[PDB]
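*Asks:* Sharing the initial chains of the complex here, in place:
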Amino acid sequence: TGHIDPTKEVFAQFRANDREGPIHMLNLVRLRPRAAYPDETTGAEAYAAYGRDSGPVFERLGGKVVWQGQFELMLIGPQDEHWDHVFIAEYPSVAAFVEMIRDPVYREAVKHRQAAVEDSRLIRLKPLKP
């Protein structure tokens, strides 16, 4: 019962949608303590790898991390839940995002994320006026 990567089926629903707008990716990551590489690192080291490797691609296709906070408390919700990273990445198009997922460099660097995450959420949002 840990969600690390998306479904074949659900990812289609994502590409299916493609309104022209930008998109907001709410990311809720909970790292595991012992990273899970086939082939000794910690979770947070393993995630930072992904980060160091993902960025260059995301920068290039025009992703930007808009907002990001530090988990302090779960005021409403199950005490079990606790996220180690909370942030919103913006992409200018569903197409920009897809093109990243297919990039060689990304594809290799997600192997790191695949090994660092105990559980994640990734929600697609159409940003609105405050």
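*Replies:* It's in. Numbers count the residues shown, from 1 in each chain, chains lettered A, B, ... in the order given.
*Asks:* Can you give me every residue that contacts the nearest residue to residue A:117 once chain neighbours are set aside?
*Replies:* Of all residues not flanking residue A:117 in the chain, residue A:4 sits nearest, at 5.0 Å (CB to CB, 6 or more residues apart in numbering). Yep, even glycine has a C-beta here, placed from its N, CA and C like the rest. For residue A:4, the contact set (CB atoms under 8 Å, 6 or more residues apart in numbering) comprises A:113, A:114, A:117, A:119, A:120.
*Asks:* Select from those the one having the most neighbours.
*Replies:* Ranked by the number of neighbours (other CB atoms under 10 Å), those place residue A:117 first, at 24 neighbours.
*Asks:* quick one: that one and residue A:2, what's the gap?
*Replies:* Here residue A:117 is placed at a distance of 8 Å from residue A:2 (CB to CB, to the nearest Å).
*Asks:* how about residue A:87, what does it touch?
*Replies:* Contact partners of residue A:87, counting by CB under 8 Å, 6+ apart, are A:26, A:27, A:65, A:67, A:68, A:69.
*Asks:* try 7 Å this time
*Replies:* Residues near residue A:87 by CB atoms under 7 Å, 6 or more residues apart in numbering: A:27, A:65, A:67, A:68.
*Asks:* Select, from those residues, the two members most distant in space.
*Replies:* Spatial extent of the contacts of residue A:87 (CB to CB) is set by the pair A:27 and A:67 at 10.5 Å.
*Asks:* higher neighbour count, the two?
*Replies:* Neighbour count, other CB under 10 Å: between residue A:27 and residue A:67, residue A:27 has more, with 17 against 11.
*Asks:* Further, place chain B onto the existing structure:
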Amino acid sequence: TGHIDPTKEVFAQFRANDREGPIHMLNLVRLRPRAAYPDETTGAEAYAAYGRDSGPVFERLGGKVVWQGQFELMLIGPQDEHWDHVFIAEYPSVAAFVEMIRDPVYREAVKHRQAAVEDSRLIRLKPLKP
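*Replies:* Next up, chain B placed on what we already have:
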């Protein structure tokens, strides 16, 4: 198994913390379809009540809704989960926030929220530099 309002115990932990900074309240609300007033409305009407009534107080004590998006997809996560409202409210101090929860007007207007929500999350975050 639906989380509407915080615990006595956990709310201490909140007041306990009080770093000087601002705070970011990530709000994930899932409205129910038939509102649950003691005393016939829909959920979304019942929530909009809370909104109309909570703003004035929150404006006054210096809360502001910074960001807000519209749920489109759950790319990573359980398909069961689906949020009807996603937003981040900013308060200038843990103290500002508490003082709101105690306000007469708020206290009456949360009765509406109490009746509209099927399930929610409310996470406290110390915002960081992107």
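*Asks:* now with chain B: the contacts of residue A:4?
*Replies:* Listed by CB atoms under 7 Å, 6 or more residues apart in numbering or on different chains, the contact set of residue A:4 reads A:114, A:117, A:120.
*Asks:* One more: residue A:118?
*Replies:* Residues near residue A:118 by CB under 7 Å, 6+ apart: A:2, A:30, A:31, A:32.
*Asks:* If we use 8 Å, what do you get?
*Replies:* By CB atoms under 8 Å, 6 or more residues apart in numbering or on different chains, residue A:118 lies in contact with A:2, A:30, A:31, A:32, A:33, A:43.
*Asks:* partners of the spatially most central residue of chain A in the sheet?
*Replies:* When CA atoms, centre = their mean is applied to chain A, the residue found nearest the centroid is residue A:27 (5.2 Å). With DSSP bridges applied, residue A:27 shows beta-bridge pairing to residue A:87, residue A:122.
*Asks:* tell me which residues in the top helix by length along chain A are buried?
*Replies:* In chain A, with assignment by DSSP state H, the single longest helix is helix A:43-61. Buried residues in helix A:43-61, defined by neighbour count with 16 or more other CB atoms under 10 Å in any protein chain shown: A:43, A:46, A:47, A:49, A:50, A:53, A:54, A:57, A:58, A:61.
*Asks:* Contacts for that helix, please.
*Replies:* By CB under 8 Å, 6+ apart, the list of residues contacting helix A:43-61 from outside reads A:29, A:31-35, A:37, A:84-85, A:89, A:91, A:96-97, A:99-100, A:103, A:105-106, A:108-110, A:112-113, A:115-118.
*Asks:* where's that helix relative to the chain centroid, distance-wise?
*Replies:* Its chain's C-alpha centre lies 10 Å from the corresponding centre of helix A:43-61 when counted by CA atoms, centre = their mean, to the nearest Å.
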